[PDB]
Amino acid sequence: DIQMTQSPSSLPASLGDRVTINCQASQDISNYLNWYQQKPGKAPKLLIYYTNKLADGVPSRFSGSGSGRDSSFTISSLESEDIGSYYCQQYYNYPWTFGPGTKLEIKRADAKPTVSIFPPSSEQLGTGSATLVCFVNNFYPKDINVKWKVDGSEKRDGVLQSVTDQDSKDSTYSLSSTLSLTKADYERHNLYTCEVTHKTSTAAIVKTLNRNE
Amino acid sequence: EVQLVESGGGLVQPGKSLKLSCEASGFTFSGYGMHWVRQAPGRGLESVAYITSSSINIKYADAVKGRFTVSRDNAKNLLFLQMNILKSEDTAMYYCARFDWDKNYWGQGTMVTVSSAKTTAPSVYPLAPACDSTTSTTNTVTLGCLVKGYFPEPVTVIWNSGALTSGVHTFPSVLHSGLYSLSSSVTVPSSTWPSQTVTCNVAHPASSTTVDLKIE
Amino acid sequence: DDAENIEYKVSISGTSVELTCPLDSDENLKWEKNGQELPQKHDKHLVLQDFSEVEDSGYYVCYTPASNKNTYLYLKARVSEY
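Protein chains in written order, with the entry's author numbering: chain L, 1 to 213; chain H, 1 to 52, 52A, 53 to 82, 82A to 82C, 83 to 99, 101 to 154, 156 to 157, 162 to 169, 171 to 180, 183 to 196, 199 to 200, 202 to 223, 226; chain E, 1 to 82.
Here is the structure:
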């Protein structure tokens, strides 16, 4: 039972450039290696079979290389549609050992997030729960870790950050931060803040909301 | 033309049973070796089982070797996977496939989820401000929808009953305390709201609950 | 658990030499007469009509993209030798 090494497991790259992925097995696979393009939710498409050999109707640019205990793969000049997960898999012995999973991130220009802060719903406050929410949308680059400042004090636990994949229309991300709690701790403070930690603007921004308004 | 259809997955509690059943179309199935493959979310892709054209030789992946059992009916062109003694490892999406030397036939796949957890309906709460609700960002009211405590996945968020899909953002499910929860941004100018109805239609499959909470 | 992939059956009938493969019928099956692959030859049974100790003799490999166990088979007369 063989084993696959994919390097990298995130390849943010500009469009139209020599993107290279590497695969590595335990013992010799004797070229019986495949490559796939799994886009969104559904099934992975085969791209290259028997390493060198390109499959039916796969863009000329895609080049399967490497032999013996190793292998590689290269989108000659990364085009718009080539964005998504890439997998190497072996066919030397059953079970077909599969590769980890390299994800192609389309490198786009930079974008300033749009910070929207929300007060826990009236109906929710009534149920006991008082979970707070904040949105930071349409931004690039990737890296941001927004914080919660409940009356000047950063609330460490009870936070639930969630980020989307690059938006199809512009390749910009999105982020929702869910500050979970009840009226037990909520009814103790009045000024609420969302700490925007990004290079996109001059320094770092916040959007505040003080309970008594 | 060479269509494949994985049938009957969904939730199950641990150590139970499940029969997955792929259907072949457009080929000499009768005499074609078949595979069962899974994509265990996050954990990646995995081969599950392989059964020959005549069912003479069956090969299982080490992880399932034992508890799982592949079979086939060459008359009704059906590939079955007989999963028993299920784990949380076995929580994955399963596809049945024909693996050629140059071709690859995958089906749509059925999503199998293994958890001791009970089916939970979701809490649907709206989102809009009143303090630092300073006029309009650049002339844009950003509005949310919160979906607290639901199990199992998924849940569909339709803004304005699917009409308004222009500038919407529905962030993925965050599992906390064995229960997923999601958020949903919708952005229209201040000319659109509160002027018009911006209704958030949340729909869960399991609990079969369809909320339609508008904002205040 | 189940039994794996068996071994070759060389039947000979004067002119011809049949070659029952260790695998299954599979259709996706590949037959290889020493490096050089066999043109759309796919059943478990290969009939080497009018066999020649030079032309039809050699190393034989029957393999599916499953049992790539790449199990040889020598020939001419004495099968599975030097």
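For each residue, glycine too, the CB sits at the ideal point set by N, CA and C.
Legend entry - Segment contact flag, the segment 103 to 111 of chain H with the segment 53 to 67 of chain L, C-beta cutoff 8 Å, min 3 pairs: no
Legend entry - Local Cβ density within 10 Å of H/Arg38, reported as buried at 16 or more and exposed below that: What you label residue 38 of chain H is simply residue 38 of the second sequence in a count that begins at 1. Buried, by the Cβ-count rule.
Inset, instruction - Determine which residues of the segment 71 to 94 of chain L have a Cβ less than 9 Å from any Cβ of chain E, and write them out in chain order. - result: Answer set for the segment 71 to 94 of chain L: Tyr91, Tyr92, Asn93, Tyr94.
Inset, instruction - Output the boundary residues of the alpha helix (DSSP H) element that contains L/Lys183. - result: Against the first sequence, residue 183 of chain L aligns to sequence position 183. Counting along the chain, the alpha helix (DSSP H) containing L/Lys183 begins and ends at 183 to 186.
Inset, instruction - Going by CA-CA distance only, name the one from H/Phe95, H/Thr153, H/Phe174, H/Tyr147 that's closest to H/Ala118. - result: The sequence position of residue 118 of chain H within the second sequence is 121, counting from 1. If we check each option's Cα against that of H/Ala118, H/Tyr147 comes out closest.
Inset, instruction - Check whether the Cβ of H/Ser30 lies closer than 9 Å to any Cβ atom in chain L. - result: Here the question's residue 30 of chain H lines up with position 30 in the second sequence. Closer than 9 Å: no.
Legend entry - Residues bridged to H/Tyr122 [DSSP beta-bridge criterion]: Counting from one through the second sequence, the residue named residue 122 of chain H turns up at place 125. Its beta-bridge partners are H/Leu143.
Legend entry - Three or more C-beta pairs below 8 Å linking the segment 128 to 139 of chain L and the segment 109 to 118 of chain L: yes
Inset, instruction - Select from the segment 118 to 137 of chain L all residues with a C-beta closer than 8 Å to any C-beta belonging to chain H, and list them in chain order. - result: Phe118, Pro119, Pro120, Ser121, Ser122, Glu123, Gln124, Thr127, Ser129, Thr131, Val133, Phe135, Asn137
Inset, instruction - Work out the CA separation of H/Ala74 and H/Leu11 for me, nearest whole Å. - result: As a first step, residue 11 of chain H must be located in the second sequence, where it is residue number 11. As a first step, residue 74 of chain H must be located in the second sequence, where it is residue number 75. Roughly 29 Å separates the two Cα atoms.
Legend entry - Cβ shell of H/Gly26 (< 8 Å), same chain only, five flanking positions each side left out: Counting from one through the second sequence, the residue named residue 26 of chain H turns up at place 26. In its chain, beyond the 5 residues on either side, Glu1, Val2, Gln3 have a beta carbon closer than 8 Å to the beta carbon of H/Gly26.
Inset, instruction - Taking all protein chains shown into account, decide if H/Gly42 is buried (16 or more other Cβ within 10 angstroms of its Cβ) or exposed. - result: To locate residue 42 of chain H, count along the second sequence from 1; it is residue 42. It is exposed - the Cβ of H/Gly42 has fewer than 16 other Cβ atoms within 10 Å.
Legend entry - Residue(s) in a DSSP beta bridge with E/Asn70: For this step, residue 70 of chain E is matched to residue 70 along the third sequence. Answer is none; E/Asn70 lacks a bridge partner.
Inset, instruction - On a CA-only basis, which of H/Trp200, H/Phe95, H/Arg94, H/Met82 is nearest H/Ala88? Give me that one, please. - result: Counted from its first residue, the second sequence places residue 88 of chain H at position 92. Of the candidates H/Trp200, H/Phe95, H/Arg94, H/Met82, the residue whose Cα lies closest to the Cα of H/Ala88 is H/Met82.
Legend entry - Where the alpha helix (DSSP H) through L/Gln124 begins and ends: Looking up residue 124 of chain L in the first sequence gives position 124. Run containing L/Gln124: 122 to 127, per the alpha helix (DSSP H) assignment.
Inset, instruction - Work out the CA separation of H/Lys19 and H/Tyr90 for me, nearest whole Å. - result: To locate residue 90 of chain H, count along the second sequence from 1; it is residue 94. To locate residue 19 of chain H, count along the second sequence from 1; it is residue 19. Cα to Cα, the separation comes out at about 12 Å.
Inset, instruction - Would you mind stating whether L/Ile117 and H/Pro14 have Cβ atoms separated by less than 9 Å? - result: Here residue 117 of chain L refers to the residue found at position 117 when the first sequence is read from its first residue. Here residue 14 of chain H refers to the residue found at position 14 when the second sequence is read from its first residue. No.
Inset, instruction - Pull up the CB-CB distance for H/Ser52A and E/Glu7, whole angstroms please, since I reckon it's below 8 Å. - result: Here residue 52A of chain H refers to the residue found at position 53 when the second sequence is read from its first residue. Here residue 7 of chain E refers to the residue found at position 7 when the third sequence is read from its first residue. Not a contact, Cβ separation roughly 19 Å.
Inset, instruction - Please check the pair H/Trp36 and H/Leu78, which I expect to be a contact at CB under 8 Å, by giving their CB distance rounded to whole angstroms. - result: What you label residue 36 of chain H is simply residue 36 of the second sequence in a count that begins at 1. What you label residue 78 of chain H is simply residue 79 of the second sequence in a count that begins at 1. Indeed they touch by this definition, with Cβ atoms about 7 Å apart.
Inset, instruction - Please name the residues in the segment 95 to 112 of chain L whose beta-carbon is closer than 9 Å to at least one beta-carbon of chain H, in chain order. - result: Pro95, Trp96, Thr97, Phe98, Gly99, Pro100, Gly101
Inset, instruction - For L/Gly101, I'd like the list of residues in its chain whose CB is within less than 7 Å of its CB, leaving aside the five on either flank, ordered along the chain. - result: Translated into positions along the first sequence, residue 101 of chain L becomes position 101. Closer than 7 Å at Cβ, skipping near neighbours: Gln6, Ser9, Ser85, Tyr87.
Legend entry - Proximity winner among L/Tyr92, L/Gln27, L/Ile83, relative to L/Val19 (alpha-carbon distances): On the first sequence, position 19 is the one that residue 19 of chain L refers to. Among L/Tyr92, L/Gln27, L/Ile83, the Cα nearest to that of L/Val19 belongs to L/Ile83.
Legend entry - Under 7 Å by beta carbon: chain E residues contacting L/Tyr32: By one-based count along the first sequence, residue 32 of chain L stands at place 32. Correct list: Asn68.
Legend entry - Cβ contact (3+ pairs, closer than 8 Å) linking the segment 191 to 208 of chain L and the segment 60 to 76 of chain H: no
Inset, instruction - Taking C-beta pairs closer than 7 Å, name the residues in chain E that H/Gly33 reaches, listed in chain order. - result: Here residue 33 of chain H corresponds to residue number 33 of the second sequence, with the count starting at 1. What H/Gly33 touches in chain E: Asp24, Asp26, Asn28, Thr64, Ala66.
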